[PDB]
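Only one chain is included here, represented as structure tokens and corresponding to the form deposited in one PDB entry.
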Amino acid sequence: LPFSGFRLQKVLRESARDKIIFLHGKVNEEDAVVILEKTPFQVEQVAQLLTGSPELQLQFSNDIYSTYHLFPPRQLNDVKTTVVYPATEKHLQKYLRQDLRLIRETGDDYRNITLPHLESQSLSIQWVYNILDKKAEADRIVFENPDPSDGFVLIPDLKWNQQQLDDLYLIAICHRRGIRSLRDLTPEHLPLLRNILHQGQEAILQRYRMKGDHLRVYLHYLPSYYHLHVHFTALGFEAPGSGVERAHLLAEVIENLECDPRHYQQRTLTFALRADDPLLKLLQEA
């Protein structure tokens, strides 16, 4: 570990449906968050196991149906474990199970209400700039268009353990700073977006033998961090924020800007917000 003597203070989030868990613990005795998530199945290896002598324990049996506790070999018991140390309060509040409400932000709402409250925050995204300057993860990079204006870095998302194509998930992070979200896009960025769309899908083709029509390529709004980035995901993966209330198809973002240059500055956008988020009351009123 990057510390010793972990002691649970609080379960921040726990889902039996996603078999994922977020733990807040005190360490070195500082705050630390450890995320743990049971990994996806590897089909070839489950297949193999099931035609061997697997260690089973019989729960119940009714005619053609039977339930068993299976205890696989080490290979198939991998648990994705991510660690945040030192954890900020932003982290400790961010994961707390809180209820989600839907808001409809107009163009003017954004610039007069959101953007100011955005600027009222100071969140660290040093890890993004680290990827962009080759200060970290440099040799995980899958593809780079190195132009400071129209260029980007294609790289697997931390979420993806890269052990199977079912949950294929890369991000494309643009080199250009100062583009916080969908709200910043204009016809100026059409070349950056096309690069990400086409060069990004071409890289996935050659690297992983995965055709564009197996991918859902989108942007989050609101994003989890405020530096433009595109999500490349397996169409068959229920990826994070691929629901209509958050995901915007890249191809659609391009053709929008082509049809209506002010599109993402003028148009009303719908997204969720946590009820504990002060942005909501600020948007609800004005």
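Each residue number is its position in the shown sequence, starting from 1.
Across the other PDB entries of this protein whose models span the neighbouring residues, residue 31 is modelled without exception, so it is unmodelled in far fewer than a third.
In terms of unmodelled positions of the deposited sequence, the stretch from residue 29 to residue 30 in this entry skips 4 to 9 residues. Look at the mean CA B-factor for 112-120 and for 165-173 in the entry; the higher one is 112-120. As listed in the deposited structure, the average C-alpha B-factor of 92-100 and of 75-83 is greater for 92-100.
Reading the B-factor column for the CA atoms of 224, 51, 233, 256 in the entry, the top value corresponds to 51.
The entry assigns its greatest Cα B factor, within the set 228, 36, 46, 247, to 46. Annotation for residue 68: CA B-factor lies in the highest third of the chain's modelled residues. Among all modelled residues in this chain, the alpha-carbon of residue 41 has a temperature factor (C-alpha) in the middle third. Remark: residue 238 belongs to the lowest third of its chain, ranked by C-alpha B-factor as recorded.
Here the subject shifts to the form deposited in another entry, a form of this protein not shown in this document.
Treating the motion between this form and the one not shown as two rigid parts, with each C-alpha given to the better-fitting one, puts residue 94 and residue 209 in two different parts. Note: residue 35-residue 153 Cα separation is 3 Å or more longer in the other entry than here. Compared with the form shown here, the C-alpha atoms of residue 165 and residue 79 sit at least 3 Å farther apart in the other entry.
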